$ cat entry-v1.pdb   # PDB, C-alpha atoms
MODEL        1
ATOM      1  CA  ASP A   1     -25.474 -13.593 -33.876  1.00  0.00           C
ATOM      2  CA  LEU A   2     -28.900 -11.984 -33.921  1.00  0.00           C
ATOM      3  CA  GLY A   3     -30.360 -15.000 -35.723  1.00  0.00           C
ATOM      4  CA  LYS A   4     -29.427 -17.421 -32.935  1.00  0.00           C
ATOM      5  CA  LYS A   5     -30.733 -15.062 -30.235  1.00  0.00           C
ATOM      6  CA  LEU A   6     -33.996 -14.757 -32.171  1.00  0.00           C
ATOM      7  CA  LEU A   7     -34.308 -18.554 -32.345  1.00  0.00           C
ATOM      8  CA  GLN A   8     -33.797 -18.677 -28.570  1.00  0.00           C
ATOM      9  CA  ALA A   9     -36.211 -15.823 -27.830  1.00  0.00           C
ATOM     10  CA  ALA A  10     -38.857 -17.436 -30.028  1.00  0.00           C
ATOM     11  CA  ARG A  11     -38.479 -20.849 -28.375  1.00  0.00           C
ATOM     12  CA  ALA A  12     -38.578 -19.286 -24.888  1.00  0.00           C
ATOM     13  CA  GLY A  13     -41.694 -17.212 -25.555  1.00  0.00           C
ATOM     14  CA  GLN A  14     -40.000 -13.841 -24.933  1.00  0.00           C
ATOM     15  CA  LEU A  15     -42.272 -11.428 -26.798  1.00  0.00           C
ATOM     16  CA  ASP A  16     -40.438  -8.186 -26.026  1.00  0.00           C
ATOM     17  CA  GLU A  17     -37.067  -9.738 -26.870  1.00  0.00           C
ATOM     18  CA  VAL A  18     -38.365 -11.051 -30.219  1.00  0.00           C
ATOM     19  CA  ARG A  19     -39.567  -7.553 -31.147  1.00  0.00           C
ATOM     20  CA  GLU A  20     -36.258  -5.928 -30.120  1.00  0.00           C
ATOM     21  CA  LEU A  21     -34.199  -8.493 -32.038  1.00  0.00           C
ATOM     22  CA  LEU A  22     -36.333  -7.988 -35.144  1.00  0.00           C
ATOM     23  CA  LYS A  23     -35.821  -4.234 -34.814  1.00  0.00           C
ATOM     24  CA  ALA A  24     -32.065  -4.733 -34.316  1.00  0.00           C
ATOM     25  CA  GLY A  25     -31.974  -6.571 -37.658  1.00  0.00           C
ATOM     26  CA  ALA A  26     -32.313 -10.300 -36.887  1.00  0.00           C
ATOM     27  CA  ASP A  27     -33.039 -12.541 -39.881  1.00  0.00           C
ATOM     28  CA  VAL A  28     -36.727 -13.389 -39.471  1.00  0.00           C
ATOM     29  CA  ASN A  29     -36.018 -16.702 -41.275  1.00  0.00           C
ATOM     30  CA  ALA A  30     -32.899 -17.658 -39.284  1.00  0.00           C
ATOM     31  CA  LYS A  31     -32.416 -21.423 -39.326  1.00  0.00           C
ATOM     32  CA  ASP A  32     -30.848 -23.866 -36.903  1.00  0.00           C
ATOM     33  CA  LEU A  33     -29.089 -27.029 -38.054  1.00  0.00           C
ATOM     34  CA  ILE A  34     -32.298 -29.071 -38.584  1.00  0.00           C
ATOM     35  CA  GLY A  35     -33.573 -26.026 -40.477  1.00  0.00           C
ATOM     36  CA  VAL A  36     -36.285 -24.862 -38.086  1.00  0.00           C
ATOM     37  CA  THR A  37     -37.042 -21.130 -38.054  1.00  0.00           C
ATOM     38  CA  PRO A  38     -38.386 -18.835 -35.314  1.00  0.00           C
ATOM     39  CA  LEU A  39     -41.859 -19.380 -36.766  1.00  0.00           C
ATOM     40  CA  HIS A  40     -41.389 -23.157 -36.336  1.00  0.00           C
ATOM     41  CA  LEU A  41     -40.264 -22.740 -32.741  1.00  0.00           C
ATOM     42  CA  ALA A  42     -43.072 -20.373 -31.783  1.00  0.00           C
ATOM     43  CA  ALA A  43     -45.580 -22.771 -33.335  1.00  0.00           C
ATOM     44  CA  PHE A  44     -43.957 -25.672 -31.462  1.00  0.00           C
ATOM     45  CA  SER A  45     -44.199 -23.939 -28.089  1.00  0.00           C
ATOM     46  CA  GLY A  46     -47.673 -22.474 -28.702  1.00  0.00           C
ATOM     47  CA  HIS A  47     -46.603 -18.794 -28.488  1.00  0.00           C
ATOM     48  CA  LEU A  48     -49.402 -17.123 -30.458  1.00  0.00           C
ATOM     49  CA  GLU A  49     -48.275 -13.536 -29.977  1.00  0.00           C
ATOM     50  CA  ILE A  50     -44.765 -14.320 -31.186  1.00  0.00           C
ATOM     51  CA  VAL A  51     -46.167 -16.077 -34.277  1.00  0.00           C
ATOM     52  CA  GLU A  52     -48.175 -12.955 -35.102  1.00  0.00           C
ATOM     53  CA  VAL A  53     -45.132 -10.693 -34.648  1.00  0.00           C
ATOM     54  CA  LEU A  54     -43.036 -12.980 -36.858  1.00  0.00           C
ATOM     55  CA  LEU A  55     -45.714 -13.024 -39.566  1.00  0.00           C
ATOM     56  CA  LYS A  56     -45.941  -9.229 -39.554  1.00  0.00           C
ATOM     57  CA  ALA A  57     -42.149  -9.168 -40.004  1.00  0.00           C
ATOM     58  CA  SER A  58     -42.637 -11.206 -43.225  1.00  0.00           C
ATOM     59  CA  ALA A  59     -41.479 -14.576 -41.884  1.00  0.00           C
ATOM     60  CA  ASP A  60     -41.837 -17.153 -44.638  1.00  0.00           C
ATOM     61  CA  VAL A  61     -44.977 -18.981 -43.533  1.00  0.00           C
ATOM     62  CA  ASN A  62     -44.156 -22.046 -45.689  1.00  0.00           C
ATOM     63  CA  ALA A  63     -40.501 -22.524 -44.719  1.00  0.00           C
ATOM     64  CA  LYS A  64     -39.636 -26.218 -44.485  1.00  0.00           C
ATOM     65  CA  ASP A  65     -37.279 -27.813 -41.974  1.00  0.00           C
ATOM     66  CA  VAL A  66     -35.092 -30.750 -43.002  1.00  0.00           C
ATOM     67  CA  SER A  67     -37.942 -33.141 -42.233  1.00  0.00           C
ATOM     68  CA  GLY A  68     -40.079 -31.157 -44.707  1.00  0.00           C
ATOM     69  CA  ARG A  69     -42.387 -29.818 -41.982  1.00  0.00           C
ATOM     70  CA  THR A  70     -43.838 -26.306 -42.129  1.00  0.00           C
ATOM     71  CA  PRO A  71     -45.004 -24.240 -39.143  1.00  0.00           C
ATOM     72  CA  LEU A  72     -48.566 -25.326 -39.991  1.00  0.00           C
ATOM     73  CA  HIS A  73     -47.505 -28.980 -39.584  1.00  0.00           C
ATOM     74  CA  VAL A  74     -46.046 -28.123 -36.187  1.00  0.00           C
ATOM     75  CA  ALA A  75     -49.076 -26.179 -34.968  1.00  0.00           C
ATOM     76  CA  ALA A  76     -51.514 -28.829 -36.190  1.00  0.00           C
ATOM     77  CA  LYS A  77     -49.565 -31.671 -34.536  1.00  0.00           C
ATOM     78  CA  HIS A  78     -49.356 -29.863 -31.183  1.00  0.00           C
ATOM     79  CA  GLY A  79     -52.997 -28.768 -30.908  1.00  0.00           C
ATOM     80  CA  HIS A  80     -52.515 -24.985 -31.200  1.00  0.00           C
ATOM     81  CA  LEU A  81     -55.790 -23.989 -32.842  1.00  0.00           C
ATOM     82  CA  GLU A  82     -55.330 -20.212 -32.734  1.00  0.00           C
ATOM     83  CA  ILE A  83     -51.880 -20.573 -34.322  1.00  0.00           C
ATOM     84  CA  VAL A  84     -53.278 -22.823 -37.083  1.00  0.00           C
ATOM     85  CA  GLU A  85     -55.822 -20.097 -37.829  1.00  0.00           C
ATOM     86  CA  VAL A  86     -53.309 -17.252 -37.960  1.00  0.00           C
ATOM     87  CA  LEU A  87     -50.906 -19.254 -40.127  1.00  0.00           C
ATOM     88  CA  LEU A  88     -53.716 -20.037 -42.576  1.00  0.00           C
ATOM     89  CA  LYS A  89     -54.684 -16.344 -42.734  1.00  0.00           C
ATOM     90  CA  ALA A  90     -51.036 -15.545 -43.576  1.00  0.00           C
ATOM     91  CA  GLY A  91     -51.132 -17.961 -46.507  1.00  0.00           C
ATOM     92  CA  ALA A  92     -49.834 -21.210 -45.018  1.00  0.00           C
ATOM     93  CA  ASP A  93     -50.137 -24.086 -47.518  1.00  0.00           C
ATOM     94  CA  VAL A  94     -52.891 -26.288 -46.056  1.00  0.00           C
ATOM     95  CA  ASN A  95     -51.736 -29.232 -48.233  1.00  0.00           C
ATOM     96  CA  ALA A  96     -47.946 -28.999 -47.744  1.00  0.00           C
ATOM     97  CA  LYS A  97     -46.333 -32.448 -47.503  1.00  0.00           C
ATOM     98  CA  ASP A  98     -43.328 -33.449 -45.432  1.00  0.00           C
ATOM     99  CA  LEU A  99     -40.726 -36.115 -46.233  1.00  0.00           C
ATOM    100  CA  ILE A 100     -43.049 -38.984 -45.208  1.00  0.00           C
ATOM    101  CA  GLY A 101     -45.971 -37.514 -47.179  1.00  0.00           C
ATOM    102  CA  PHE A 102     -47.898 -36.145 -44.170  1.00  0.00           C
ATOM    103  CA  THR A 103     -50.061 -33.046 -44.570  1.00  0.00           C
ATOM    104  CA  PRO A 104     -51.133 -30.926 -41.597  1.00  0.00           C
ATOM    105  CA  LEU A 105     -54.457 -32.790 -41.735  1.00  0.00           C
ATOM    106  CA  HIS A 106     -52.609 -36.114 -41.311  1.00  0.00           C
ATOM    107  CA  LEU A 107     -51.030 -34.786 -38.120  1.00  0.00           C
ATOM    108  CA  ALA A 108     -54.169 -33.232 -36.657  1.00  0.00           C
ATOM    109  CA  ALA A 109     -55.995 -36.508 -37.329  1.00  0.00           C
ATOM    110  CA  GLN A 110     -53.206 -38.694 -35.927  1.00  0.00           C
ATOM    111  CA  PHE A 111     -52.933 -36.684 -32.704  1.00  0.00           C
ATOM    112  CA  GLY A 112     -56.677 -36.333 -32.166  1.00  0.00           C
ATOM    113  CA  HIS A 113     -57.226 -32.581 -32.603  1.00  0.00           C
ATOM    114  CA  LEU A 114     -60.828 -32.557 -33.828  1.00  0.00           C
ATOM    115  CA  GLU A 115     -61.256 -28.765 -33.724  1.00  0.00           C
ATOM    116  CA  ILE A 116     -58.128 -28.357 -35.850  1.00  0.00           C
ATOM    117  CA  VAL A 117     -59.347 -31.048 -38.243  1.00  0.00           C
ATOM    118  CA  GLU A 118     -62.524 -28.986 -38.730  1.00  0.00           C
ATOM    119  CA  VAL A 119     -60.562 -25.757 -39.304  1.00  0.00           C
ATOM    120  CA  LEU A 120     -58.259 -27.409 -41.844  1.00  0.00           C
ATOM    121  CA  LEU A 121     -61.253 -28.803 -43.737  1.00  0.00           C
ATOM    122  CA  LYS A 122     -62.785 -25.296 -43.867  1.00  0.00           C
ATOM    123  CA  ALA A 123     -59.449 -24.193 -45.382  1.00  0.00           C
ATOM    124  CA  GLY A 124     -59.635 -26.720 -48.209  1.00  0.00           C
ATOM    125  CA  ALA A 125     -57.496 -29.537 -46.795  1.00  0.00           C
ATOM    126  CA  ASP A 126     -57.429 -32.609 -49.060  1.00  0.00           C
ATOM    127  CA  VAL A 127     -59.151 -35.422 -47.137  1.00  0.00           C
ATOM    128  CA  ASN A 128     -57.973 -37.928 -49.766  1.00  0.00           C
ATOM    129  CA  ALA A 129     -54.281 -37.029 -49.449  1.00  0.00           C
ATOM    130  CA  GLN A 130     -52.158 -40.169 -49.104  1.00  0.00           C
ATOM    131  CA  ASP A 131     -48.839 -40.371 -47.298  1.00  0.00           C
ATOM    132  CA  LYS A 132     -45.934 -42.316 -48.731  1.00  0.00           C
ATOM    133  CA  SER A 133     -47.388 -45.522 -47.209  1.00  0.00           C
ATOM    134  CA  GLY A 134     -50.746 -44.903 -48.913  1.00  0.00           C
ATOM    135  CA  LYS A 135     -52.550 -43.872 -45.712  1.00  0.00           C
ATOM    136  CA  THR A 136     -55.108 -41.047 -45.574  1.00  0.00           C
ATOM    137  CA  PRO A 137     -55.764 -38.809 -42.563  1.00  0.00           C
ATOM    138  CA  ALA A 138     -58.846 -40.928 -41.822  1.00  0.00           C
ATOM    139  CA  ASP A 139     -56.610 -44.020 -41.775  1.00  0.00           C
ATOM    140  CA  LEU A 140     -54.302 -42.373 -39.235  1.00  0.00           C
ATOM    141  CA  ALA A 141     -57.193 -41.284 -37.010  1.00  0.00           C
ATOM    142  CA  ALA A 142     -58.587 -44.831 -36.996  1.00  0.00           C
ATOM    143  CA  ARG A 143     -55.132 -46.304 -36.310  1.00  0.00           C
ATOM    144  CA  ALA A 144     -54.625 -44.009 -33.291  1.00  0.00           C
ATOM    145  CA  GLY A 145     -58.088 -44.735 -31.869  1.00  0.00           C
ATOM    146  CA  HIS A 146     -59.776 -41.420 -32.788  1.00  0.00           C
ATOM    147  CA  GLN A 147     -63.008 -42.789 -34.209  1.00  0.00           C
ATOM    148  CA  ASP A 148     -64.907 -39.491 -34.004  1.00  0.00           C
ATOM    149  CA  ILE A 149     -62.320 -37.842 -36.250  1.00  0.00           C
ATOM    150  CA  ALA A 150     -62.268 -40.797 -38.644  1.00  0.00           C
ATOM    151  CA  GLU A 151     -66.057 -40.504 -38.950  1.00  0.00           C
ATOM    152  CA  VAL A 152     -65.803 -36.773 -39.680  1.00  0.00           C
ATOM    153  CA  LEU A 153     -63.149 -37.403 -42.330  1.00  0.00           C
ATOM    154  CA  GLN A 154     -64.960 -40.333 -43.959  1.00  0.00           C
ATOM    155  CA  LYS A 155     -68.067 -38.137 -44.065  1.00  0.00           C
ATOM    156  CA  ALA A 156     -66.117 -35.399 -45.873  1.00  0.00           C
ATOM    157  CA  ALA A 157     -64.733 -37.800 -48.519  1.00  0.00           C
TER     158      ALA A 157
ENDMDL
END
$ encode --input "entry-v1.pdb" --output "structure tokens"
Amino acid sequence: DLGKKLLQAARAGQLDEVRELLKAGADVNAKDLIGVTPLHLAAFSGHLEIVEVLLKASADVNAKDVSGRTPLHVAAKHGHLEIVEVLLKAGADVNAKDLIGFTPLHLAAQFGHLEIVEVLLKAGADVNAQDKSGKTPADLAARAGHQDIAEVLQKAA
């Protein structure tokens, strides 16, 4: 199972092994049971070089796991600014919504990643996007105590 070994290499941050498995024929979009792909796992663990290798191998940058999250959601939630930037350059959907209505901007605002908030805004993120409870990214920032981010977002409204 090359797909499973690729999921493990991507999660573990094994750059050489990811390249060899891709050359051997591993499905770049292999999925585990919750539907996460090697791109999701590399974004999760902050492995920038693996993300770039996966993108060059035509990984689907907007693949959604069963929660509806894309790799951009993952990278934005976990603070990985360089990965957010490379995903955006590859065509990641800055306004993709998961099953609770969160965009990547919701997650960057909720988890207090101001630099990522600024990058997403430069990429056209919708500041007025509402989740399924009606809440905007600025609402989430305020709720989590990140007043500087809420001010930036309310300024951009």
$ resolve_selection --input "entry-v1.pdb" --expression "the PyMOL selection byres ((chain A and resi 60) around 12)" --output "JSON, numbers by chain"
{"A": [27, 28, 29, 30, 31, 36, 37, 38, 39, 40, 51, 54, 55, 56, 57, 58, 59, 61, 62, 63, 64, 65, 70, 71, 72, 87, 90, 91, 92, 93]}
$ residues_near_point --input "entry-v1.pdb" --point "(-36.7, -14.3, -27.6)" --cutoff "9 Å" --atoms "all atoms listed in the file" --output "PyMOL selection string"
chain A and resi 5-21+50
$ residues_near_point --input "entry-v1.pdb" --point "(-48.0, -29.7, -45.9)" --cutoff "9 Å" --atoms "only C-alpha atoms" --output "list in words"
residues 62, 68, 69, 70, 72, 73, 92, 93, 94, 95, 96, 97, 98, 101, 102, 103, 104 and 105 of chain A
$ residues_around --input "entry-v1.pdb" --residues "range 110-120 of chain A" --least-positions-apart "6" --cutoff "9 Å" --atoms "only C-alpha atoms" --output "PyMOL selection string"
chain A and resi 76-81+84-85+88+94+104+126+137-146+148-149+152-153
$ atom_distance --input "entry-v1.pdb" --atom1 "CA of residue 3 in chain A" --atom2 "CA of residue 75 in chain A"
21.8 Å
$ closest_residue --input "entry-v1.pdb" --among "A:89, A:109, A:23, A:121" --to "residue 157 in chain A" --atoms "only C-alpha atoms"
A:121
$ atom_distance --input "entry-v1.pdb" --atom1 "CA of residue 66 in chain A" --atom2 "CA of residue 32 in chain A"
10.1 Å
$ atom_distance --input "entry-v1.pdb" --atom1 "CA of residue 100 in chain A" --atom2 "CA of residue 134 in chain A"
10.4 Å
$ closest_residue --input "entry-v1.pdb" --among "A:156, A:86, A:131, A:1" --to "residue 48 in chain A" --atoms "only C-alpha atoms"
A:86
$ closest_residue --input "entry-v1.pdb" --among "A:99, A:83, A:127, A:150" --to "residue 44 in chain A" --atoms "all atoms listed in the file"
A:83
